[PDB]
Amino acid sequence: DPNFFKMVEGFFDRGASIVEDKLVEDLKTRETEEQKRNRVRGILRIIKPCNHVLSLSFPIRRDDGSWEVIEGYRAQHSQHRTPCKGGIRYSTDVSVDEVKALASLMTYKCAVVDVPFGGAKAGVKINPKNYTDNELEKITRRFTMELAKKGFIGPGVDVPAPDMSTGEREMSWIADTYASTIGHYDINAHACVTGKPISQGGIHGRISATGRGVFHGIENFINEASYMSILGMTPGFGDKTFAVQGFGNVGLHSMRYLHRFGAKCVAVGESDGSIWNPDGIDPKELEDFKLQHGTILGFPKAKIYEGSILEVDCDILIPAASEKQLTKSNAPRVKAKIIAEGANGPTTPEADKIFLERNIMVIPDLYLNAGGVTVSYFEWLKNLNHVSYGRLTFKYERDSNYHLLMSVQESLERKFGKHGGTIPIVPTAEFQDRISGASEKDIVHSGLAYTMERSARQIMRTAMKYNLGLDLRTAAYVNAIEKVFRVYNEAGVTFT
Amino acid sequence: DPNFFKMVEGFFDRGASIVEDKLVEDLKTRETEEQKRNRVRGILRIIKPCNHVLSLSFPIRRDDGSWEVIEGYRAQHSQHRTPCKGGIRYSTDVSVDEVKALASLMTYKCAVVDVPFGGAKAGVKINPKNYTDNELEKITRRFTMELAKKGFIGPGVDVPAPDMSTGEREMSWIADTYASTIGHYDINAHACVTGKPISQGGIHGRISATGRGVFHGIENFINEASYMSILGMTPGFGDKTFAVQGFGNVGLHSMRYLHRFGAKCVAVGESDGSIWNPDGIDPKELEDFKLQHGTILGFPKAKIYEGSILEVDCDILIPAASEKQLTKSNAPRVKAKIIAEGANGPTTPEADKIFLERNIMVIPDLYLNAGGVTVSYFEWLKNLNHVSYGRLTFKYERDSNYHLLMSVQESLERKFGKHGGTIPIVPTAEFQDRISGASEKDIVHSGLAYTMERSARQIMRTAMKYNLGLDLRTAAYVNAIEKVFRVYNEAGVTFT
Amino acid sequence: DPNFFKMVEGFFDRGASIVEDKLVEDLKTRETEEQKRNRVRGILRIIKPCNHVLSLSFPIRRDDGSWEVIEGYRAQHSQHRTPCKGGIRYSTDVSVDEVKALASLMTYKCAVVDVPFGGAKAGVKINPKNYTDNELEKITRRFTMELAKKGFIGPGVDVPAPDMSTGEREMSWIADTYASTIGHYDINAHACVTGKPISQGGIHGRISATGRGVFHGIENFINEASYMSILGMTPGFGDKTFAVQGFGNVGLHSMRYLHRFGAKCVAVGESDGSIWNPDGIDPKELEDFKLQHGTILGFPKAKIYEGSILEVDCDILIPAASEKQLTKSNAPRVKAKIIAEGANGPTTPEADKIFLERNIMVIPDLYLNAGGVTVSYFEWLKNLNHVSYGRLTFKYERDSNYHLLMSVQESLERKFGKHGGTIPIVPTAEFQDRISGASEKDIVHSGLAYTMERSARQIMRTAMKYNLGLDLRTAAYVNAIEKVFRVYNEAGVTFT
Ligand SMILES: O=C(O[C@H]1Cc2c(O)cc(O)cc2O[C@@H]1c1ccc(O)c(O)c1)c1cc(O)c(O)c(O)c1
Ligand SMILES: O=C(O[C@H]1Cc2c(O)cc(O)cc2O[C@@H]1c1ccc(O)c(O)c1)c1cc(O)c(O)c(O)c1
Ligand SMILES: O=C(O[C@H]1Cc2c(O)cc(O)cc2O[C@@H]1c1ccc(O)c(O)c1)c1cc(O)c(O)c(O)c1
């Protein structure tokens, strides 16, 4: 746990130095000096800092009747894209310099995965356990309100999302508040927030989103030996053990869908304990260990283990909990060989230099948990379209398929003069399930893969153009910076 | 060696403790517990901190073509009144904790003089000498824009003002920006800022406003020996020497109008040096020492003097420059007798306990320069009325008087049989000039006096109610607190 | 008789038939038919029904956690004047037809005193004693919301007021909600409801409003002998007695001011008993029977009397309590000479043809107690002008008078050799306290006073045109109608 603050500011500067030659060479203009350096040196000094960042403070009535002040923050990084976006967090750790960095990170995350959004982030310095459910509703509903009055919430202005100990039911309050007060007259009022439950205009598949993101991100890597020929290991994805931190939302489903494919587990940790089992624990059982009683503490197969969470002899480690759990106190340790950032910045630049020198591949959060916002993107789009995806183009498409297949049948039955034998009316077993169980989530799942997979091409191409090889982090930010630049370059200085 | 931030936080807490008794006493309800404290002890915890405060960051291009980032801040303290009020500052000293304190100060300043405004403040971390006029316009107009976006400028939401290094021309750009872009459709668009020049919707007597405020504030004190029977010093207002710091806007007319009434000067200081002359210098001459040359440096009868500005042998000192120039390094000094705070918070709580223990009169900024916003109030009101004051009720007044006077004539020539003798048609010499040189200016001066004078009564009543005597500072805040509390107590916790 | 339902429908229709001739006569257009009647006969049928009325149904939840559906209504009668006006009511009495009726009343009521307000009224079908204060805030707060989303609360659209069991604190919740959700961007947000407390932007004189309205309505008839040469009685206002009913708010001030000026009392009684004393009870002592005890029961000189309240021998009877206290069961007696309707229509058309046929004067509530909304009208304007009336023109007008008084003195001290002898500097003792105690009240009471005086001069003129002599009721509505008609006529049929 370092002070740092400038955690993300280092990576930008790192990626910034290398594109200083590309932008001056790719820009086609009539200025042609070396003040080209001076324009670009200026353009990057604008993207670095957050353009707006509102500090807040509002009172509420506890169930006592006692009165308490609540500090809250929200930072819009860039506004190159019309709507900023980023989750909101409820924890005592909440700091001003926190969201100022996190919102910055969200800008480049949206750039990597070609999501037309600006980076944003918020935070409330409370502790959610210490308040009731009735107490916590008034915090969110009024936090909503005090943000709409100053233009930090609304479709096309800013769209927040859930995060640390923030769930669907809370976003539902956000929506219900905005659609009943300020954004009343707005048709797309319910689009003010992504992550709301499905009866509230949500989308199928974001419950899983960060998980499949964790999954699809790892998938596009241990299926290409171009990075195993250096790291070692086996393209045989199966027999690989993993360990998660922070069993919650991102922690569950990064495991719920990682197990499915034959990849065993070995450990699970929360904010008090850990688990150790070389046989491989199964979320089949231990998932009814949440509110069934309360807090994890071991179970059948689940042994009580303490020391830390990383430590354990493993392959794939995912610190999907709080922030900066990896520093020099533990970077030369970690009996692992590939790390994947499920949470936002658990790896510090203090540790990358060590990992890089030990041939350990850390999957950057800037890429990995980008599925969450990519689907968030879709959820937003859903509310602007006011239709479940495929709600009109399923029967037309499944009827078009069934006519197409039979068309090859009958076309095969006149070259074959008896009409009755051939039968291609039946599609393959996988495809028959595709049009019988056709829903909205299938569109989302395929779009998530098409966005995720094509983004890994944008990295593993820009990494092999600069010999980064294993440092995909400095290969990620160097692609996002280039995408946000042209957005500023081709927009021109605005004289207002 | 000044001190840190909490500047005003101590004064509120200082005044807050003594109202804790009468608030539970004057409150008339069926609540009736000792929880009366818990409501009130809670209500005060809401008023202390600023409710909103936007940190800004916007880019501009110098006349170079070079690009520079400009950090900008703005704090709305309270929102108990529908609009917030507070000037904006242009200086490298600009800090977040600065305006946060200053905006707090403005809330109570507007409460002392019964001005239905909420406190606010802003600042721009630049240095105006280092930019051109063409360069500085871009800052203001852009800064305007980024504030209307997030709702920190607009009539009935937040109205800024000029301050130090900010003049009428800049307020004119503010207005011209707001009235051509965001608030175009607003009828009262030009009401978004007070302090603008007269051809742009200002008000006569505002150029002088802070000055007359300094004057009438001092006037209501050396006109009653109930504070000279303890301080010493003659009620004969004339033969009193004064010295000003910061020959700029507030420094000028706090002297220009103070000299008028027969009060000798002795010293004037700026950011370079000072002046020392026991005969008394005259603004009639050394006022053409601004842009005529550029900076002060002595003149005929103006000698070069250094050392300091405050220690000079004087009676009335007015630190009308930056902030906190009176601390432990100079409080047990100052060869003065009565000090008057022309700028915002030049006396620290570190210096009051030294001044009070030596029987020295410090006139609180919370009250002194309140004329500045009191006229600001009027200028705002002018734009919602869209008439210069008296623009219709002058000839009706001047004609009604002349009919009234001849009515006493014609009624006195009836009891006196000759019809031609008596002549009360003519008013006193002073009243003849009144209805001849009648303008908007006069309605402002009389309303400023009426507001100012009645405020001193609300203080000197609540001062000897608690045996404060010489510490009118704590008699000021103790009066403003109870005015804002009433606004909060009778508005109720808003479930939103 | 329409004892509850079409309560006023008789009054309109009865008044409607009368104006038929004048309107076609007063009509100056190029029509010139017998179809001129068709125009007016239709236009009146436009005014008779409330053109809009919303029936509501919104839920809450009590301190228990249980849930209750709340019915509510609000009726916007006319929209000829841009904002609509009328209080809200919190009783089980509340009925669709009830508010649909009282809204009609408020239209013509605010057309007699010449107030540019359209008529409206609202109600909520509950009983406040059954709900806690906390429970009553959320009812009030959300009732506001559901009226704004549908356009029934807002300056220039519709402005409510207090009334039956509706206090200032409740009006304070209406504003705080409207001004914090829908009408946030509105400068006149808090101008959406009148009757709110002082600190929240109220006006001085609401509490004392209807009492003065009663008195000035009285004053404009015992001072005109046109209506004493037919009723009898001495115009000599002095030695006359009055009997009140409903010793509260309207009752107190209607007596306190009526006595102060010369009238003697005789009787007082509320929902318990009555007092009898032809010596004349004095309100300056018996008013400490309020919450100092709990209810009336008589006191020294205050006899314990039964029977009723009205039949007491007296001259001036005022029913300042509930609805309908005068029918065929008491009209053939009540040996009084004049009845002023302190409440809303305590006199039935089942009793006017007894009072009219007995040469008694019943003063319409259409004009008398209309002194509450006219002051409530001023409070609206205060919230619009954001200034206490005369905040600026108090020291200016006080300074103007002394200069006048000295102008005559100095004018008289020159035709007389010595300079200082004469002393008209001091004005009359009644005038000295006027400029000494000059406050908002004095302006409201006058603006009130001139309003009904002109109004009375407008009724008594329209009555002497149709020989109504004693039917002020039908002489009252007959006036408001032509005003409402003239608005509609010169506007035309809106083709939308
Ligand atoms: O609308 C689109 O415009 C983006 C296209 C684009 C790109 O392909 C490459 C690149 O290097 C920059 C770049 O700029 C835009 C952009 C997008 C997202 C951001 O966050 C951001 O700052 C800027 C878009 C989106 C897709 O997904 C597509 O497949 C597609 O063809 C177009
Ligand atoms: O509309 C008026 O309401 C203010 C009257 C008032 C008062 O006289 C004393 C007090 O202790 C509290 C208080 O509350 C209101 C207020 C005003 C200004 C603020 O900043 C603020 O927070 C609250 C007003 C304004 C005048 O100038 C008057 O002369 C006048 O009679 C009434
Ligand atoms: O702007 C004003 O127009 C009103 C003046 C007026 C009138 O004097 C007599 C009449 O028969 C009709 C009439 O039409 C208007 C009106 C006003 C109020 C209503 O409710 C209503 O339906 C219609 C006004 C208001 C005043 O208070 C004045 O003193 C004044 O000179 C002018």
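Residues numbered from 1 in each chain as written, not as in the entry; some residues may be left out. Chains lettered and ligands numbered in written order. Part of a larger assembly, values for the part shown. Heavy atoms only, no water.

## With respect to the packing of aromatic side chains
Put simply, the rule is: Paired rings are identified among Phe, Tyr and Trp, the last through its six-membered ring, by centres lying within 6.5 Å, and are further divided according to the angle between planes into stacked (under 30 degrees), edge-to-face (over 60) and tilted (the rest). Numbering of helices and strands runs from the N terminus; a helix is a DSSP stretch of H or I covering at least four residues, while a strand is a stretch of E covering at least two. Here, a charge over a ring is recorded when the distance from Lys NZ or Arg CZ to the ring centre is within 6 Å and its angle to the ring normal is within 35 degrees.
Counting across every chain of the model gives 38 aromatic pairs over all chains. Aromatic side chains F289 of chain C and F299 of chain C sit 3.7 Å apart centroid to centroid with 20° between the ring planes, which places their arrangement in the stacked category. Here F299 of chain C lies in the loop between α8 (283-286) and β9 (316-319) and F289 of chain C lies in the loop between α8 and β9, a separation of ten residues in the sequence. Through pairs of rings, three or more aromatic residues link up here, namely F117, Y377, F378 and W380 of chain A. Here the guanidinium or amino end of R256 of chain A rests over the ring plane of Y257 of chain A, the centre of that ring lying 6.0 Å away. Above the face of the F11 of chain B ring, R473 of chain B is positioned so that its terminal group lies 4.8 Å from the ring centre.

## Some thoughts on helix α3 (residues 96-112) of chain C
Residues and elements named next belong to chain C. To keep it simple, the criterion reads: Given the number of residues in a helix, its expected span is that number minus one, multiplied by 1.5 Å. Accessibility here uses a 1.4 Å probe with only protein chains present; expressed as a share of the type maximum, an area under 20% marks a residue as buried, one over 50% as exposed, and anything in between as partly exposed.
Between its first and last C-alpha atoms α3 spans 25 Å; for 17 residues at 1.5 Å apiece the expected length is 24 Å, and the two agree. For α3, a buried count of 14 out of 17 residues is recorded, marking the element as mostly surrounded by other parts of the structure. Looking one or two residues past α3, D114 carries a phi angle of roughly 60°, positive in sign.

## Concerning the interface of chain C and chain B
Put simply, the rule is: Here, residues are in contact when the closest pair of their heavy atoms is within 4.5 Å. By buried area we mean how much accessible surface two parts lose on assembly, using a 1.4 Å probe and totalling the loss over both. Definition used for salt bridges: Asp or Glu carboxyl oxygen within 4 Å of a side-chain nitrogen of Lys or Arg. By the criterion applied in these results, polar contacts are pairs of N or O atoms within 3.5 Å in which, for protein atoms, one can donate a hydrogen and the other can accept it, and in which residues neighboring in sequence qualify only through two side-chain atoms.
In this complex, chain C contributes 32 residues to the contact, which on the side of chain B involves 48 residues. Summed over both partners, the interface of chain C with chain B buries about 3,600 Å², with 57% contributed by carbon and sulfur atoms. Considering only the surface of chain C that becomes buried against chain B, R391, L392 and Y396 of chain C emerge as the three largest contributors, covering 23% of it. Linking chain C with chain B are two salt bridges. A salt bridge links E453 of chain B to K395 of chain C; the shortest N-O distance between them is 2.5 Å. Linking chain C with chain B are 13 residue pairs in polar contact.

## Section: empty space enclosed by the protein
Basically, it comes down to this: Both site types are read off a 1 Å grid over the protein atoms alone. A 1.4 Å probe that fits but cannot get out defines a cavity, while an open set with protein on both sides within 12 Å along at least five of seven lines defines a pocket; lining residues have an atom within 4 Å of a point. Grid points are joined across faces, edges and corners, and a volume is the space filled by probe spheres set on the points. Charged residues are taken to be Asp, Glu, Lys and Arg, nonpolar residues to be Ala, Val, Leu, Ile, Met, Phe, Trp, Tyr, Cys and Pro, and polar residues to be all remaining types, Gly included.
Enumeration according to the criterion identifies 18 cavities of 30 Å³ or more in this entry. Of the pockets and cavities examined, the largest cavity occupies roughly 280 Å³. Residue lining of the largest cavity: 19 residues in total, with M7, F11, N344, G345 and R473 of chain C positioned closest to the centre. Looking at the lining of the largest cavity, the elements with two or more residues in it are α3 and α14 (472-491) of chain C. Per element, the largest residue contribution to the lining of the largest cavity is three residues, and it comes from α3 of chain C. Of the residues that constitute the lining of the largest cavity, the class distribution is nine nonpolar, five polar and five charged. Its volume calculated, the second largest cavity comes out at about 160 Å³. Along the walls of the second largest cavity sit 15 residues, with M7, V8, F11, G345 and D365 of chain A positioned nearest its centre.

## A short note on the sheet that holds β9 of chain C
Residues and elements named next belong to chain C. To keep it simple, the criterion reads: A pair of strands is treated as paired once DSSP finds two or more bridges between them. To obtain an axis, a line is fitted to C-alpha atoms, over the contacting stretch when the element is a helix, and the angle between two such axes runs from 0 to 180 degrees between their N-to-C directions.
Read across the open sheet, the six strands follow the order β8-β7-β6-β9-β10-β11; overall the sheet is mixed. Strands at the two margins of the open sheet, each flanked by one partner only, are β8 (274-276) and β11 (361-363). This sheet shows a mean twist of 20° between the axes of neighbouring strands, independent of strand direction. In the sheet, strand β7 (residues 264-269) pairs with β8 via three bridges, with the strands oriented antiparallel.

## Points about the relation of the copies chain C and chain B
This is how it is decided: The fit that places the copies together is a least-squares one on their C-alpha atoms.
It takes a turn of 122° to lay chain C on chain B, together with a shift of 0.2 Å along the axis; the resulting RMSD is 1.8 Å. Read as a symmetry element, the transformation amounts to a three-fold axis. The C-alpha atom lying nearest the rotation axis in chain C is that of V408 of chain C; the distance is 4.0 Å. In this assembly, only 9% of the residues forming the interface of chain C have copies in chain B that are likewise at the interface, indicating a heterologous arrangement.

## A word on the domain arrangement of chain A
Residue and element names in this part refer to chain A. Threshold: The split of the chain into domains comes from an automatic or database domain assignment.
Once the domains are mapped, chain A shows domain 1 (1-51), domain 2 (52-200) and domain 3 (201-495). A C-alpha centroid distance of 29 Å is found between domain 1 and domain 2. In total, about 930 Å² of surface goes out of reach between domain 1 and domain 2, with carbon and sulfur atoms giving 68% of it. Looking only at domain 1, the three residues that lose the most surface to domain 2 are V8, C50 and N51, adding up to 59% of its buried area. At the junction of domain 1 and domain 2, the tally comes to zero salt bridges.

## Things to note about the packing of helix α1 (residues 9-26) of chain C against α14 of chain C
Residues and elements named next belong to chain C. The criterion, for reference: Orientation is classified from the angle alone, with under 35 degrees giving roughly parallel, over 145 giving roughly antiparallel, 65 to 115 giving roughly perpendicular, and any other angle giving oblique. In this scheme, a crossing is called left-handed if the near helix is turned counterclockwise away from the far one by less than a right angle; it is called right-handed if the turn is clockwise.
In the contact formed by α1 and α14, the axes pass within 9 Å of each other and the chain directions differ by 60°. By the angle class used here, α1 and α14 are oblique. The crossing of α1 and α14 is right-handed. Residues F11, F12, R14, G15, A16, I18, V19, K22 and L23 of α1 touch α14, and the partners they reach there are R473, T474, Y477, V478, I481, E482 and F485. Looking at side-chain class alone, the contact of α1 with α14 contains ten nonpolar, two polar and four charged residues.

## Some thoughts on the site of ligand 2
Formally: Whether a residue is near a molecule or strand depends on its heavy atoms: if one lies within 4 Å, it is near. For every accessible area listed, the method is Shrake-Rupley and the probe measures 1.4 Å; residues are considered covered only by the protein chains on display.
Residues in close proximity to ligand 2 total 15 residues, the closest being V115, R454 and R486 of chain B together with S388 and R391 of chain C. Mapping the residues adjacent to ligand 2 onto the chains of the assembly identifies chains B and C. In this structure, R391 of chain C approaches ligand 2 through a side-chain N or O atom, which is 2.4 Å from an oxygen atom. For ligand 2, whose unbound accessible area comes to 620 Å², protein coverage reaches 85%.

## Focus: the sheet that holds strand β10 (residues 316-319) of chain B
All names here are of chain B. Taken in spatial order, the five strands line up as β7-β6-β10-β11-β12 in an open sheet, and their pairing is parallel. Looking at which strands have only one partner, the edges of the open sheet turn out to be β7 (265-269) and β12 (361-363). Between one strand axis and the next, the sheet turns by 15° as a mean value, whatever way the strands run. Sheet topology places strand β6 (residues 242-245) next to β7; four bridges connect them, and they run parallel. Across the sheet, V244 pairs through a bridge with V268, a residue of β7. Each of β6, β7 and β10 is contacted by helix α8 (residues 250-260), which is oriented at about 160° to β6, the strand it contacts most.

## Digging into the relation of the copies chain A and chain B
If you rotate chain A by 180° and push it 0.0 Å along the axis, it lands on chain B with an RMSD of 0.3 Å. The relationship between the two copies is best expressed as a two-fold rotation axis. In this assembly, 97% of the residues forming the interface of chain A have copies in chain B that are likewise at the interface, indicating an isologous arrangement.

## Some thoughts on the pairing of strand β2 (residues 67-76) of chain C
Residue and element names in this part refer to chain C. In the sheet, strand β1 (residues 52-61) pairs with β2 via ten bridges, with the strands oriented antiparallel. Bridge pairing in β2 places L54 opposite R74. The loop that links β1 with its antiparallel partner β2 comprises five residues; one of these, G65, has a positive phi angle of about 115°. Relative to strand β5 (residues 118-124), β2 runs antiparallel, the two being bridged by five bridges. Bridged to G72 within β5 is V124.

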